[PDB]
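In: Enclosed are the sequence and the experimentally obtained structure.
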Amino acid sequence: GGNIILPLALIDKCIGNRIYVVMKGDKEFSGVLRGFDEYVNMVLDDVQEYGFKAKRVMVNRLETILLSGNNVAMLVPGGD
Amino acid sequence: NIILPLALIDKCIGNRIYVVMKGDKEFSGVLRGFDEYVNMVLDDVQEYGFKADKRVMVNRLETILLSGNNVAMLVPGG
Amino acid sequence: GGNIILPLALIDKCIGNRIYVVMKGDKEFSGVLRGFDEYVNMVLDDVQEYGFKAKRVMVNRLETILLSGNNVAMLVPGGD
Amino acid sequence: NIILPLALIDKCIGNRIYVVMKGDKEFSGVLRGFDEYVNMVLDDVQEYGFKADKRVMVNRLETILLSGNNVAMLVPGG
Amino acid sequence: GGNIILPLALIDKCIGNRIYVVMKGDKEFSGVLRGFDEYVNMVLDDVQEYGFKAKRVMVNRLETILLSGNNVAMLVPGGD
Amino acid sequence: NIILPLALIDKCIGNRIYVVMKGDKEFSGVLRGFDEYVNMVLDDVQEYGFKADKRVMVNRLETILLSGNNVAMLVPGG
């Protein structure tokens, strides 16, 4: 049959790459992925955080963050 | 015929499904893989959304992960 | 003492029957239950989805859905 | 006397309790059984709700399951 | 190194004491803690519930409640 | 150098971090301990909040527990 791509294997392939993470509650990040665990907690470097003010606006740059996997909506490998 | 939810998803592997997330985001896409949390990997994705003006396509995406913590409902072949 | 009815045993008794599921976020379904797991993920056939537009309005019919147990608010055996 | 939350619920089996869910739904009902997730089965249920016009009874229900993912607070004999 | 204070050890130290619990969704309680588990479910006695009507208003007194750990935002040992 | 999220937090023990919770509460504080759920104990805390008038300090607190179910993001030395 097809190739099966498990979720945690997809994320694993993302390490070293700039990814885009959409978090619940209208906050979005672009960052390079350094690690993750089974809960889909992630460590991003070189981050840009985007929000939505009155469309998509950058609201911050940061060196390093942790994003909580309990708060992730969607991840986009390749980063946009 | 008792159908386990995971066995329903498993049958959809390589097919298009329709996924209604929490927060009125909806995604049509080809299911590539999944886990017991209903974390899913979708390809060939159209993102729908809701705009004051019905349901509008607001995006096209390739390989994503949708967080199972954030899924509401899944329509096999929707 | 009384009869104890465990939650997963209640759902088990629902198999084959039309149930009513209230999901978080003002979406409601009536469907025949075909399976479920320990997370309260469910497979419904013959479904009517109701929402709330400006009271309770039917918004869709579907053949088969999966409802995520992480998003369930309440289940009503017998279906209304 | 340390009281484990589950041992508090266990004592309520066969009695009326008051359950405040997430999202301003509230339920008075007779507790029939439960699990460690605070999934609960309630009988003889009155559903309260909030309406612009206080707390209004918006429904009467028989045997339900209330999802523990969605519970905020539980009042023994409320 | 420093003293490490694990979350469940902090709560353990609170038993017998009046604590303040902020729950998600703008509801707050002050109560004496009688028990808790690994999910951060808690049993409070002698409770005051505060809400926010049009600032912080007391909305109820209760003898005993259970607060669901899935709905806790923050706990404050010492109680304000 | 693969960095596990828990190993990132572990390095912050005894240092100030910045924690963005769900619901637009934000907390600067000294990390005292944590668990795999990202439950955390913070000291010497300033609570920020959002007020129609930017980001306003709305409180000062001592030893709290922040619920990991309710964390969005964590900035080491923010």
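Out: Noted; the coordinates are in hand. Numbers count the residues shown, from 1 in each chain, chains lettered A, B, ... in the order given.
In: alpha carbons only for contacts and neighbour counts from here, please
Out: OK.
In: tell me which parts of chain A are close to chain F?
Out: A:23, A:25, A:34-37, A:41-43, A:64-68, A:70-71 (CA under 8 Å from any CA of the partner chain).
In: distance of residue A:58 from chain B?
Out: Plainly put, residue A:58 is 19 Å away from chain B if you go by CA to the nearest CA, to the nearest Å.
In: That residue is in contact with residue A:29, isn't it?
Out: No. Taking CA atoms under 8 Å as the definition, residue A:58 is not a contact partner of residue A:29, at 9.3 Å.
In: With neighbour numbers in mind, choose between those two.
Out: Using other CA atoms under 10 Å in any protein chain shown, the more surrounded residue of residue A:58 and residue A:29 is residue A:29, with 24 against 14.
In: Identify the bridge partners of residue A:47.
Out: Going by DSSP bridges, residue A:47 is paired in beta bridges with residue A:62.
In: Kindly apply the preceding question to residue A:35 instead.
Out: Beta bridges link residue A:35 to residue A:43, judged by DSSP bridges.
In: Can you name the residue of chain A nearest chain C?
Out: Chain A approaches chain C most closely through residue A:70 (11.6 Å), counting by CA to the nearest CA.
In: what about that residue, which SS state?
Out: Following DSSP: H, G, I helix; E, B strand; the rest coil, we place residue A:70 in the helix state.
In: so how far is residue D:61 from it?
Out: 33 Å (CA to CA, to the nearest Å).
In: Ok, residue A:72 next?
Out: For residue A:72 relative to residue D:61 (CA to CA), the value is 35 Å.
In: For stretch A:9-21, what is the distance to the chain centroid?
Out: In terms of CA atoms, centre = their mean, to the nearest Å, the centre of stretch A:9-21 is found 8 Å from the chain centre.
In: Could you do stretch A:54-63 as well?
Out: 14 Å.
In: what does stretch A:3-10 give?
Out: With CA atoms, centre = their mean, you get 16 Å for stretch A:3-10.
In: for stretch A:71-80, same thing?
Out: With CA atoms, centre = their mean, you get 5 Å for stretch A:71-80.
In: Could you do stretch A:21-32 as well?
Out: 6 Å.
In: what's the span of it, first residue to last?
Out: Using CA to CA, one end of stretch A:21-32 lies 10 Å from the other.
In: Would you mark the buried spots in it?
Out: For stretch A:21-32, burial by neighbour count (16 or more other CA atoms under 10 Å in any protein chain shown) applies to A:21, A:22, A:23, A:24, A:27, A:28, A:29, A:30, A:31, A:32.
In: can you tell me if that stretch touches chain E.
Out: No. Stretch A:21-32 lies apart from chain E when judged by CA under 8 Å from any CA; the minimum separation is 14.3 Å.
In: quick check, that stretch touching chain C?
Out: No. Using CA under 8 Å from any CA, stretch A:21-32 never reaches chain C; the gap is at least 14.3 Å.
In: and for residue A:58 and residue A:29, which residues touch both?
Out: A:48, A:49, A:50 (CA atoms under 8 Å, 6 or more residues apart in numbering or on different chains).
In: wait, what's in contact with residue A:30?
Out: A:18, A:19, A:20, A:21, A:47, A:48, A:49, A:79.
In: May I see the PyMOL selection of the buried members of these?
Out: Restricted to buried positions by 16+ other CA under 10 Å, the PyMOL selection for these reads:
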select buried, chain A and resi 18+19+20+21+47+48+49
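In: Quick check: of the contacts of residue A:30, which lies closest to chain D?
Out: Using CA to the nearest CA, residue A:21 comes nearest to chain D of those, at 24.5 Å.
In: That closest one bridge partners, please.
Out: Counting by DSSP bridges, the residues bridging with residue A:21 are residue A:29, residue A:75.
In: I'd guessed it sits against residue A:71; true?
Out: No. Under the criterion of CA under 8 Å, residue A:21 makes no contact with residue A:71, lying 10.4 Å away.
In: What count of nearby residues applies to residue A:78?
Out: As a burial measure, residue A:78 scores 15 neighbours (other CA under 10 Å).
In: tell me the contacts of it?
Out: A:17, A:18, A:19, A:20.
In: Contact partners for residue A:35?
Out: So residue A:35 contacts A:15, A:42, A:43, A:44, F:2, F:3, F:4, F:5 (CA under 8 Å, 6+ apart).
In: residues in contact with residue A:52?
Out: Contacts for residue A:52 (CA under 8 Å, 6+ apart) come out as A:26, A:27.
In: Identify the bridge partners of it.
Out: With DSSP bridges as the rule, residue A:52 is bridged to residue A:56.
In: Near chain B, which residues of chain A are found?
Out: A:2-7, A:10, A:70-77.
In: Just the buried subset of the residues of chain A next to chain F, written out for PyMOL, thanks.
Out: PyMOL command restricting those to the buried ones, with burial defined by 16+ other CA under 10 Å:
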select buried, chain A and resi 23+34+35+36+37+41+42+43+64+65+66+67+68+70+71
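In: Restricted to strands, list the contacts of residue A:78.
Out: A:18, A:19, A:20 (DSSP state E).
In: Contact partners for the closest residue to chain E within chain A?
Out: Closest approach of chain A to chain E (CA to the nearest CA) occurs at residue A:70, with a separation of 11.6 Å. Residue A:70 makes contact with A:39, A:40, A:41, B:69, F:69, F:70, F:71, F:72 under the criterion CA under 8 Å, 6+ apart.
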